[PDB]
Undergrad: 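Quick one: this structure, given as structure tokens, is what I'll be asking you about.
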Amino acid sequence: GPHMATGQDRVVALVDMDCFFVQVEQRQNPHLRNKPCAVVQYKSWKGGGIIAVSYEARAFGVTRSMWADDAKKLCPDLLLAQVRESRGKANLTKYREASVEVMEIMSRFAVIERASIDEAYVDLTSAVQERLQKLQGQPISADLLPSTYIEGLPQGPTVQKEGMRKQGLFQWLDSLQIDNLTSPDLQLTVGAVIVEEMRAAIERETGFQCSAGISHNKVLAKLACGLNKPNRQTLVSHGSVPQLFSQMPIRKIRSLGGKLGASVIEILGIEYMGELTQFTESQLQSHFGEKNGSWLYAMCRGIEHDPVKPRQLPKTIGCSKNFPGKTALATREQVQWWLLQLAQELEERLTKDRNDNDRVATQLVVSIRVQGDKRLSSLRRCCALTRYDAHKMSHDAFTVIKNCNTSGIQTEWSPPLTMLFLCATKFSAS
DNA sequence: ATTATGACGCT
DNA sequence: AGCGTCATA
Ligand SMILES: [Ca+2]
Ligand SMILES: [Mg+2]
Ligand SMILES: [Mg+2]
């Protein structure tokens, strides 16, 4: 009743760049614009592995993780851009720098949490309040929401996509009560107005297009963002949740796409998020633990409290290379040479990070994989990171891992190494 | 032979 | 600490 929290206290958005690495390459090379194209890494093995795909190329069935040679079978005219290679390995600097461009623009509008290289959560609660004041009970025009979808509308008693969008928008705005500054639906709507403006700014100042979700929390905002891509934004109201969740596979909700989601489905014998409402909080805790159970109980009702953390910079700076199949490292000279290549890229990124961001990493984490192990990482060891020097870091990395060498011969390395990873962590102000 | 990352949870 | 899970291009 009057004491039941509805999780409508905040306005939260999730902004996600459309086919990000592709857009970075298309800005640089106009010949790639408005074409089926993809970004690939390496080239020798099956034409390279695809890591990003334009919407034009997706229409042919091209996807992430596909070999370019196979993608070319679906899309003969597919254009490719290759990730830069430095020191024998893929180098993602261009994309990291493009990400910074976008994150800095978003930060002008509100506090953001960097969620990945191409997405950020935005806490719009305060900005919405401000804007509501300037508004002075004034109605919100559809013209202010030119790329917004209202999930679940239109409904009730045109055959084009943009027509449906506008019909839904009209029904929503027609129902809106603007004299109530505390109406959660109004708050979301003003949130959407602001996100339109943020998205226009990103495009104007970078050339990049993105999509966005606007709701009352991070999980719903993230889900909303994916509902209408590319180049559009979607508002998911509290009221829209029961219908939305009634047919939403559990695995679509962030954090349930893996083993836990699978167990929820298996143990409870359900398929859709909405079916969770029929269990008690204690029942859910009994199966999935205290934390996950409480989270599930609230989430299936559209409620979640994870804050947008004020963090625009990554917490770690890492460098990784796989050495698949026959390329696995089997000699000490090999292992040392590659530890050095990695350490050299790490040093470059760390030094730049110190100058830009006034901080210094203090821990070096070294991880390897050995041939045969099914896990992504076989062994993780840490040592002190006291100086930004590539020769030192690589020597230290070798020191922490050298005991892994089963070989009776000092010069040989067995079992061969299929992955090396150096990560700088535990930053302190400087 | 997806790869190269990056955040957070468990014990 | 070191391992595991889930997620990004
Ligand atoms: Ca994206
Ligand atoms: Mg993304
Ligand atoms: Mg993606």
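Any value given below was found using the heavy atoms of this structure, including those in side chains, with hydrogens, waters and symmetry copies removed. Naming: A, B, ... by sequence-line order, numbering from 1 per chain.
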Undergrad: Of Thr327(A) and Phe323(A), whose closest DNA chain B nucleotide lies nearer the 5' terminus?
TA: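 This one resolves to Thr327(A).
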Undergrad: Count the heavy atoms belonging to other residues, nucleotides or ligands that lie under 6.0 Å from CZ of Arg64(A), then report whether that count exceeds 12.
TA: no
Undergrad: Kindly check if the number of other-residue, nucleotide or ligand heavy atoms within 6.0 Å of CD (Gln363(A)) is above 12?
TA: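 Check passes, neighbour count above 12.
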Undergrad: Quick one: ring pair (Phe, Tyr, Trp, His ring centres under 6.0 Å) partners of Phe21(A), sequence neighbours excluded?
TA: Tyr95(A)
Undergrad: Under a 4.5 Å cut-off applied to non-hydrogen side-chain atoms, are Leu350(A) and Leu385(A) in contact?
TA: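 Sidechains of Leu385(A) and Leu350(A): in contact.
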Undergrad: So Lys94(A), base contact, sugar-phosphate only, or nothing? Heavy-atom distance under 4.0 Å.
TA: nothing
Undergrad: What is the distance, rounded to the nearest whole Å, between atom CZ of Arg369(A) and atom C1' of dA1(B)?
TA: 11 Å
Undergrad: May I ask you to check whether over 12 heavy atoms, not counting those of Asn34(A), lie within 6.0 Å of atom CG?
TA: no
Undergrad: Is it true that atom NZ of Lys161(A) has more than 12 heavy atoms of other residues, nucleotides or ligands lying nearer than 6.0 Å?
TA: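 Atom NZ in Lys161(A) is not packed in, count stays at 12 or less.
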Undergrad: Using the side-chain hydrogen bond (donor to acceptor under 3.5 Å, both in side chains) definition, which of the options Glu162(A), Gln209(A), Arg199(A), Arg232(A) pairs with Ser147(A)?
TA: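 For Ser147(A), the side-chain hydrogen bond (donor to acceptor under 3.5 Å, both in side chains) test succeeds with only one of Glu162(A), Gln209(A), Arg199(A), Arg232(A), which is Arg199(A).
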Undergrad: Please say whether more than 12 non-hydrogen atoms of neighbouring residues, nucleotides or ligands are located less than 6.0 Å from NZ in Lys94(A).
TA: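 Yes, the 6.0 Å shell around NZ holds more than 12 heavy atoms from other groups.
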Undergrad: May I have the step-by-step check of salt bridge (charged side-chain N to carboxylate O under 4.0 Å, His left out) for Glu101(A) and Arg27(A), ending in yes or no?
TA: CA-CA 13 Å; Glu101(A) 283 184 76; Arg27(A) 185 173 69 170; 2.7 Å; yes
Undergrad: Over all strands shown, is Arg64(A) touching base, sugar-phosphate only, or nothing at heavy-atom distances under 4.0 angstrom?
TA: base
Undergrad: Assess the residue pair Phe208(A) and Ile105(A) against the criterion (side chain to side chain contact (heavy atoms under 4.5 Å, CB included)); give the C-alpha distance rounded to whole Å, side-chain angles, the decisive distance to 0.1 Å, and a yes or no.
TA: CA-CA 12 Å; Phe208(A) 302 144; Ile105(A) 296 165; over 6 Å; no
Undergrad: Could you run down nucleotides 5-11 of chain B 5' to 3' and tag each one B, S or - for protein heavy-atom contact under 4.0 Å?
TA: SSSSS--
Undergrad: So where does chain A start and stop touching DNA chain C, 5' to 3', when the test is distance under 4.0 Å to a non-hydrogen atom?
TA: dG2(C) to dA9(C)
Undergrad: Are a donor atom and an acceptor atom from the side chains of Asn228(A) and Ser211(A) found within less than 3.5 Å of each other?
TA: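 There is no such pair between these side chains.
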Undergrad: Kindly check if the number of other-residue, nucleotide or ligand heavy atoms within 6.0 Å of NZ (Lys426(A)) is above 12?
TA: no
Undergrad: For DNA chain B, what residues of residues 13-39 of chain A have any heavy atom nearer than 4.0 Å?
TA: none
Undergrad: Check each residue of residues 45-61 of chain A for a non-hydrogen atom within less than 4.0 Å of any atom in DNA chain C, then write out the ones that pass by number, or none.
TA: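 Only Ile51(A), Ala52(A) qualify.
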Undergrad: Is a salt bridge present between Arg349(A) and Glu345(A), judged by a nitrogen-to-oxygen distance below 4.0 Å?
TA: yes
Undergrad: Under 3.5 Å, is there a donor-acceptor pair between the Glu151(A) and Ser237(A) side chains?
TA: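 Per modelled atom types, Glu151(A) and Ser237(A) side chains form no pair under 3.5 Å.
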Undergrad: Working note: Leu342(A) + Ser394(A), criterion side chain to side chain contact (heavy atoms under 4.5 Å, CB included); need CA distance, chi angles, decisive distance, verdict.
TA: CA-CA 8 Å; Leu342(A) 283 183; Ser394(A) 57; over 6 Å; no
Undergrad: Would you check if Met106(A) and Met198(A) make a side-chain contact, meaning some heavy-atom pair closer than 4.5 Å?
TA: yes
Undergrad: In whole angstroms, how far is the P atom of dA1(B) from the CG atom of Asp69(A)?
TA: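 Atom-to-atom, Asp69(A) to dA1(B), this comes out as 17 Å.
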Undergrad: Report the stems of DNA chain B as range-with-range entries sorted by first number; a stem here is at least three consecutive pairs, Watson-Crick or G-U wobble, both distances under 3.5 Å, and write none if there are none.
TA: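 Only these stems qualify: B:3-11 with C:1-9.
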Undergrad: Please measure how far the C1' atom in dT2(B) lies from the corresponding atom in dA7(C), and state the result in whole Å.
TA: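 Comparing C1' positions in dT2(B) and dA7(C) gives a spacing of 15 Å.
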